[PDB]
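Those protein sequence lines, which keep their order, are chains D and A.
The opening position of the first sequence corresponds to residue 371 in the authors' numbering, with each subsequent residue numbered one higher.
The opening position of the second sequence corresponds to residue 366 in the authors' numbering, with each subsequent residue numbered one higher.
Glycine residues also receive a C-beta, built at the ideal position from the N, C-alpha and C atoms.
Working notes for the structure below.
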Amino acid sequence: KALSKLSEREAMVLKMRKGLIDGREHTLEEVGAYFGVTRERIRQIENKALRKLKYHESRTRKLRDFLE
Amino acid sequence: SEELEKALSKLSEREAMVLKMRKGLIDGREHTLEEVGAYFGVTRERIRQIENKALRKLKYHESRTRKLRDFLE
DNA sequence: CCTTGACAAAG
DNA sequence: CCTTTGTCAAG
């Protein structure tokens, strides 16, 4: 399950969308096609992966941040 | 798939780290060339150079092997 | 591998 | 009005 960790697919969705795979940013449509899924599911997966990254210590790290 | 992440794995860690940071794959937040510069201790222009090389590597490999485009195109 | 200085845009 | 970002050309 994980509340702060990313699954193989979540990270891949991110790498493909942001251009980490071939230097080209890809549309939700293309990524969905790659995953035999809908462009909307990609968008969803994309969003959940980001929250896992934000929250992931980052959000709660803000108090320790004020001290650096 | 590690298979499609071939070129991305041949980038330097620094190069990879720069892309991840700029794009927000580290903490969900997109960072400025300046913030990344501050991270690695160099100017935003330098980071800009590094980022540019990294992408150039990815596009080049992609245009030579045609991994993703043989599928999309 | 790196920094400067001058800009356009956007804020 | 002044500042931040991302670019460029040189070195």
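With the cut-off set at 8 Å, would you say residue i and residue j are in Cβ contact?
i	j	result
residue 447 of chain A	A:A381	The structure shown does not extend to residue 447 of chain A, since chain A is modelled only from 366 to 438, so the question has no answer here.
A:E416	A:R387	yes
D:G389	A:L420	yes
Whole angstroms is fine: what's the gap from residue i's alpha carbon to residue j's?
i	j	result
A:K424	D:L437	41 Å
A:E378	D:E410	32 Å
A:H396	A:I412	11 Å
A:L369	A:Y404	28 Å
A:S374	D:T430	31 Å
A:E400	A:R394	11 Å
Buried or exposed, going by whether 16 or more other CB atoms sit within 10 Å of the CB of residue i?
i	result
A:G406	exposed
D:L433	exposed
For residue i, which residues of its own chain have a beta-carbon under 6 Å away from its beta-carbon, when the five flanking residues on both sides are left out?
i	result
A:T408	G402
Given residue i, which residues of its chain have a CB within under 7 Å of its CB, disregarding the five upstream and five downstream residues?
i	result
D:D392	none
D:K385	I391
D:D435	none
Between which residues of its own chain and residue i is the CB-CB distance below 8 Å, once the five residues before and five after are set aside?
i	result
D:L376	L384, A419, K422, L423
Which residue comes first and which comes last in the alpha helix (DSSP H) that contains residue i?
i	result
A:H426	409-430
At a cut-off of 7 Å, would you count residue i as near the ligand MN, judging by its Cβ distance to the nearest heavy atom?
i	result
D:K424	As presented, the structure is devoid of all ligands, the ligand MN included, so that no description of it is given.
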